[PDB]
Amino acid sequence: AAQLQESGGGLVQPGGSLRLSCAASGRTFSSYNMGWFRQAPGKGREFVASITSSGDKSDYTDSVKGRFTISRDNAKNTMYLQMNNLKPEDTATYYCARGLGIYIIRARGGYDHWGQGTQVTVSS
């Protein structure tokens, strides 16, 4: 039972920066693609970014491309989301998840093993 746990959320001023972490238990972290999603009250959970098992490729939703950077440390069972130039519309609970299948995709159905989330609020 691999468990993911998000951390690093908080209250950040507009234009600020935060780094989220996703820690995985177990011993198969580096075997799986991984992703970040976000969900704000009133909206469904939506794609933010993804990274392949080896870190060779990554992907982003349009609204965060260039501001957010996904990375993983395969020696430490951890994935990161570096969030720069934060905007009010980035306020949400951020979730990490493990890819299903061999291809990183943007769909909600492309991942499972969702964590409990970490809250990010960007003030306005």
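Residue numbers here begin at 1 and follow the sequence given.
The stretch 26-34 shows the higher mean C-alpha B-factor when 65-73 is compared against 26-34 in the entry.
Looking at mean Cα B-factors across 10-18 and 108-116, the upper value is held by 10-18. Between the residues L81, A97, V48, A40, it is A40 that shows the highest Cα B-factor in the PDB record. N85: CA B factor in the highest third of modelled residues in this chain (values from the PDB entry).
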